[PDB]
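>>> Compute the structure for the input listed below.
(chains A, B, C, D, E and F, ligands or ions: 1)
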Amino acid sequence: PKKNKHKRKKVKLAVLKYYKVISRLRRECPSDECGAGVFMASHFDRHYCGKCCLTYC
Amino acid sequence: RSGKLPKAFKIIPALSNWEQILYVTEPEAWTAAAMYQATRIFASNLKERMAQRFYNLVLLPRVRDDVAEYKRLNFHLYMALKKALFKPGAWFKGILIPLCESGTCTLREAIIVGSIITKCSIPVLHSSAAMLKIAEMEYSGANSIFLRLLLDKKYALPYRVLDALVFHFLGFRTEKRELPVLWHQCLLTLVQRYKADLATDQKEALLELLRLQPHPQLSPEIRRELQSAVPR
Amino acid sequence: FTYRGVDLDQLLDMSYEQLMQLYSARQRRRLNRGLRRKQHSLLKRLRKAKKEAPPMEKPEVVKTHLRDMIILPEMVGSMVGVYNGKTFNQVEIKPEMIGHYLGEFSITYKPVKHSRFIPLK
Amino acid sequence: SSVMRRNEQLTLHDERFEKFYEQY
Amino acid sequence: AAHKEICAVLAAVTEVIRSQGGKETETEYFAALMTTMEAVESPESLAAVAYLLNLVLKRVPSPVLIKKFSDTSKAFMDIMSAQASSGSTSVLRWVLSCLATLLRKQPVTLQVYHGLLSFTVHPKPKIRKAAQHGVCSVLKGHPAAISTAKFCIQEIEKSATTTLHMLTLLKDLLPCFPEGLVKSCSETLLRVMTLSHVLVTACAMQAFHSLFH
RNA sequence: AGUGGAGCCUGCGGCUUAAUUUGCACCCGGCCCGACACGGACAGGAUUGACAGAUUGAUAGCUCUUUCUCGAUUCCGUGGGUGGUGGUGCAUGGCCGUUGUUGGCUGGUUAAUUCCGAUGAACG
Ligand SMILES: [Zn+2]
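Numbers count the residues shown, from 1 in each chain, chains lettered A, B, ... in the order given. Here you go:
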């Protein structure tokens, strides 16, 4: 049980999956501070966003 | 003490009137872990201005209080300052420069902040800005420790910044006060790391300083490093 | 099996407020003083283990540090892994321990297990 | 501001020093 | 920040505001603010105008007070009705203060004094203390001694915490009583000696001390 | 008068166990986090902050799966070579205390000039 340090997974081109060809593959956050570019995390049962917790289930 | 805070505390940067909420939450009565989490959340949500104001109003007075009381920085507060350095603009403009300009900085906080700086990697632009800020203020005893540790961070040094440091050293000819050799150690570090960036008139200025303000032990070493320095 | 002249089937139906007379003094006072929330979460974990287990064998074991929790009459059918200092002793809840605690089934100390000169000259 | 410099052998970055003291 | 100044109500109102229009003192400010007194229950404004009425009226407007004592009497009685129906805090205290100023500077007077004495047994301490100081100033500055003495006798004989307050009233008012009412008050105090409570006994000892001193 | 005889409990020994702390180190678990040089990964992105569900004895991104965000503020290993919120002793500049006389009420609250709440000068 040594103090191992967690390593972040070097995912290959996680950037290049929110756009096609043009539009947004994911939703856009309707928040006031940010939105329309902050991609809306869509997990298999839920959602997860960036800053002010505009979360839908 | 441990676990997680309620998540409503983490939506404070997302609020507009965050100062009233901060005054309601009474930061003077917080614990070290709570302040560490607050600094982590504030540094994880951009907005360098509110982070700088939080460090000016909350973190620095608490650091002053527990250094004056317990004679040592707290463990979780050491982590809080390390997290605050992850946004270096807020940390320099919110903790280091105001405490240097206060004129009452203790040696313990000076050594702690210098060890925190040498623990971390400083950007070259930010390090040069810190050099210029230190070189432009008045002389204090603890400031030489900051300057020496920033100098042995060993970064690239521009023209005007190095010349401002040089004239900060040149501003001591008429001073008849007893001078610490810690200032001479900062000087020796500057010479040892930047002998190739020393021109002529700077070198005879430092030789006439060593003639005017001599030291039995380290001044011969400074004389050796100046006399065996190649330019350009 | 009956407990204080009361069978298990009506014991399950007999409710929380009138548990006082069928118990002893200590757990009566303990229930009168106000039961906490951590053992309620333990009850929730025990029953969550009790739902999705198939009903033709014994369900999955529920483990805890709680040695001082009052055994309810509705505990019949659980498996409790109670801490002792080093390990988890996991025990079957028979109907006969309604008035007992969890501390007496988790012993914290091992039993103790403890030639003459003859002169020749 | 000073009077002398490193004179020759080029420059790399002029450094932006007015983004720190100008905030307050 | 705005109360410690020289121009504030601490010093400027007492000296230069009594001279209404250059002559001290004029009740034209009082005669034009009945709209605040009637059909308006705005908080902290009635209190302010009652404070102004208490502070300005102290500069002895004796013929004016004589000629419009009737108008002030009905005005202050409808004030009593409005404050009894509402139940405020500061307005009643300074209107009892200005009632005290009116009665000290001056049948209708008897009933005004009776109302002022009846609003002394109020459970609120500020109203009761203001009425206490007002009755003390009015009697010591008397034909109304018999009325207040028999009111005190009837208030004891009708009855427990207000007895201490009106015993403080008796302590401050025994010397300014007629001899028969002094005898009646002494008999009433001797009757309430029989109770084993020590606080009323101490209040009666202090009343006897103030009477004999 | 007793103890040493018997029983009860208490201290040293001894014996047991994870410890039977001591003349709370630790038992059993779960947490959290130094530069120098060299060789690697490092914007292809190094790294920071997490919705949820649970592992756990319980929760907690400090954990076990799912990708959302901050982006140089970098993170992996090796040396008997320095070493650092290091610990400790000596000299050291300021600073507290240590070695006579005379004056001078916006607020709520209680029996009560009641409670709390804002609020100065000379002589020897
Ligand atoms: Zn979005």
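>>> quick one, phi/psi of whichever residue of chain B sits closest to the ion?
Closest to the ion within chain B is residue B:14: 14.9 Å, counting by CB to the ion. Heads up, the C-betas are built off the backbone N, CA and C, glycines and all. Backbone geometry at residue B:14, expressed as degrees, to the nearest 10, gives phi -80, psi -10.
>>> what does residue C:7 give?
The phi and psi values for residue C:7, taken as degrees, to the nearest 10, are phi -80, psi 160.
>>> gap between it and residue E:134?
Here the criterion is CB to CB, to the nearest Å. By it, residue C:7 lies 80 Å from residue E:134.
>>> When these two are compared, which one has more neighbours?
More neighbours surround residue E:134 than the other of residue C:7 and residue E:134, with 24 against 10 (other CB atoms under 10 Å in any protein chain shown).
>>> How about that one: what's its closest non-neighbour residue?
Using CB to CB, 6 or more residues apart in numbering or on different chains and skipping the chain neighbours, the partner closest in space to residue E:134 is residue E:100 (3.0 Å).
>>> And residue B:162, by the same measure?
Leaving aside its chain neighbours, residue B:162 sits nearest to residue B:197 (6.1 Å; criterion: CB to CB, 6+ apart).
>>> Kindly report the same for residue E:38.
Residue E:38's closest residue in space is residue E:78 (CB to CB, 6+ apart), at 6.6 Å.
>>> Could you do residue B:229 as well?
Spatial nearest neighbour of residue B:229, excluding adjacent residues (CB to CB, 6+ apart): residue B:195 at 3.8 Å.
>>> Hmm, the residue of chain B closest to the ion is touching residue A:33, no?
Yes. In this structure, residue B:14 is within contact of residue A:33 by CB atoms under 8 Å, at 6.6 Å.
>>> shared neighbours, those two?
Shared contacts of residue B:14 and residue A:33 (CB atoms under 8 Å, 6 or more residues apart in numbering or on different chains): A:51, A:52.
>>> Show me what from chain B comes close to chain A.
When proximity is defined as CB under 8 Å from any CB of the partner chain, chain B approaches chain A at B:7, B:11, B:13, B:14, B:45.
>>> how much space between the residue of chain B found nearest chain A and residue A:56?
Relative to chain A, the nearest point of chain B is residue B:14 (4.1 Å; CB to the nearest CB). Remark: distance between residue B:14 and residue A:56 (CB to CB) = 17 Å.
>>> cool, and residue E:187?
Using CB to CB, one gets 85 Å for the distance from residue E:187 to residue A:56.
>>> which residues touch the residue in chain D sticking out farthest from the centre?
Distance from the C-alpha centroid of chain D peaks at residue D:24, with 19.9 Å (CA atoms, centre = their mean). By CB under 8 Å, 6+ apart, the contact set of residue D:24 is B:52, B:93.
>>> before we move on, what about residue C:27?
By CB under 8 Å, 6+ apart, the residues touching residue C:27 are C:70, C:99.
>>> wait, is it part of a strand?
No. Using DSSP: H, G, I helix; E, B strand; the rest coil, the assignment for residue C:27 is helix, not a strand.
>>> helix/strand/coil for residue C:56?
What three-state DSSP gives for residue C:56 is coil.
>>> How much space separates residue B:164 from residue B:175?
As judged by CB to CB, residue B:164 and residue B:175 stand 18 Å apart.
>>> These two: who's more crowded?
Ranked by neighbour count (other CB under 10 Å), residue B:164 and residue B:175 place residue B:164 first, with 20 against 11.
>>> what about the closest residue to residue B:33 other than its chain neighbours, which helix or strand?
Closest residue in space to residue B:33, ignoring its immediate chain neighbours: residue B:76 at 4.8 Å, by CB to CB, 6+ apart. Residue B:76 is part of helix B:75-84 when elements are defined by DSSP states H and E.
>>> Fine by me, we can end here.
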